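Below, in structure tokens: the form deposited in one PDB entry, a single chain.
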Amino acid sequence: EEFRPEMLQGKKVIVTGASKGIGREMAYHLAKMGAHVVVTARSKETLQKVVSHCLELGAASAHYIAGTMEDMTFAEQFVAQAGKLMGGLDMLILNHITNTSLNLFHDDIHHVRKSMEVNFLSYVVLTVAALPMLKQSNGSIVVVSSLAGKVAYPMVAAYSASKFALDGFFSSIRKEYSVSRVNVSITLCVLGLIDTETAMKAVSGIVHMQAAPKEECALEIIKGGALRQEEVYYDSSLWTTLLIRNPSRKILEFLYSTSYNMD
């Protein structure tokens, strides 16, 4: 069955990194469809604006909780506070990333580590905190990832490590869930260049290729999440999105799906 805006009507959603970029755009779509949303990011000032607009858009309710996802206590506590405020949770959209520039890896281990903590580890912590509420609603988890979390790109090594780790972690637990019969879907989003302020300021110097619109991106993420799709692909090039599928991975996974015996 196709996508219909009424799927999100009165759904309780969390969106992280929702103060700008694709995250903000997702908050607004959900707002228009009349969902309950809790947005988060570090900056209370920009979050206050996302919230007022979400209200003007017709969100069933909108609120923010500010803090840094470098802090795993905040991450864990935020999900509880969000869930209690809404009276449950049907969808968790994991979107935030730590600030990153294009540069050749030098000696910047602290940045590799910060990338792994914010972009990967916090997502695991947020998922654990949310799973009980999601099991209750038979809800879904949306993980926002990149082309560089599927293939190798220079200039983004710390950031690619962390997005590859997302695919590794979440694709493994999706298999775990389907045998444990946990009715929580996990959707991985693989995005090419998207025209967000920070992306444009980060890349527009070095490389360049055509950036897709953030507003359509955001909407395509929500729909893959709504339709319990395993992977969402989104780029300006149709070539790229055809090429990003990995049929041989799919083959190996079925091949090996028999050679274990679990209960």
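One rule holds for the numbers: they count along the sequence shown, beginning at 1. For clarity, a rigid core is taken as the largest C-alpha set superposing within 1.5 Å between two forms. Residues that one form lacks are left out of the comparison.
A second form of this protein, the form deposited in another entry, is not displayed here; the remarks below concern that form.
Student: So which one of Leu55, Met209, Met200, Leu227 actually moves, Cα shift of 2 Å or more between this form and the one not shown once the core is superposed?
Tutor: Correct option: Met209.
Student: If I superpose the two forms on their rigid core, does the C-alpha of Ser43 end up displaced by 2 Å or more between this form and the one not shown?
Tutor: The answer is no, as the C-alpha of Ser43 shifts between this form and the one not shown by less than 2 Å after core alignment.
Student: Determine whether the C-alpha of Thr68 shifts by 2 Å or more between this form and the one not shown once the rigid core is superposed.
Tutor: No: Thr68 shifts by under 2 Å between this form and the one not shown.
Student: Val207 and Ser160: do their C-alpha atoms lie closer or farther in the other form than in the form you see, with a change of 3 Å or more?
Tutor: It is farther: the C-alpha separation of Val207 and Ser160 rises by at least 3 Å in the other form.
Student: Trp239 to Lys150, Cα distance in the other form relative to here: closer or farther, by 3 Å or more?
Tutor: Their C-alpha distance shrinks by at least 3 Å in the other form.
Student: Only counting residues present in both forms, give the runs of 3 or more in a row whose C-alpha shift is 2 Å or more between this form and the one not shown, core aligned.
Tutor: 205-209, 235-244 are the stretches that move between this form and the one not shown.
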